[PDB]
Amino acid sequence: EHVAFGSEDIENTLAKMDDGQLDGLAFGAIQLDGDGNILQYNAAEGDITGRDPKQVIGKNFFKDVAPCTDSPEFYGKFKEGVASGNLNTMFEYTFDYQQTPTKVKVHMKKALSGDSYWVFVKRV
């Protein structure tokens, strides 16, 4: 696919993509419901994090997959922006749960589809 991380209209462009098209992106992409359960998880993300994109669907991102993100600086921003319905935040973060610590840039943005929220990731 031909979509850049951080693009202004990213939520419109990604709405057309099934799992296979999402796997064509240059950056990691996760879709979460408002509780943090994983709805979609692409190949680029699995390459960064080590997780098997097929196995993490249905797991809770904050409680089980990514406890290092269960903090005010990541989960706190997510749950606030879900509550307001206007989630659009970008920040760097380090992933260090049972993995070599890996610093990334994270972009969380509310999707167009109902009860759906994007988490985009690239290496920094």
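Numbering starts at 1 and runs along the sequence shown.
Trainee: Identify the stretch, either 13-21 or 105-113, whose C-alpha atoms have the larger mean B-factor according to the entry.
Mentor: Between 13-21 and 105-113, it is 13-21.
Trainee: Would you tell me which stretch averages the higher CA B-factor in the PDB entry, 84-92 or 35-43?
Mentor: The stretch with the larger mean CA B-factor is 84-92.
Trainee: Which third of the chain holds residue 70 when residues are ordered by C-alpha B factor: lowest, middle or highest?
Mentor: As the PDB entry reports it, the C-alpha B-factor of residue 70 lands in the lowest third of its chain.
Trainee: Please rank the C-alpha B-factors of the chain's modelled residues and tell me whether residue 121 sits in the lowest, middle or highest third.
Mentor: Ranked within chain, residue 121 CA B lands in the lowest tercile.
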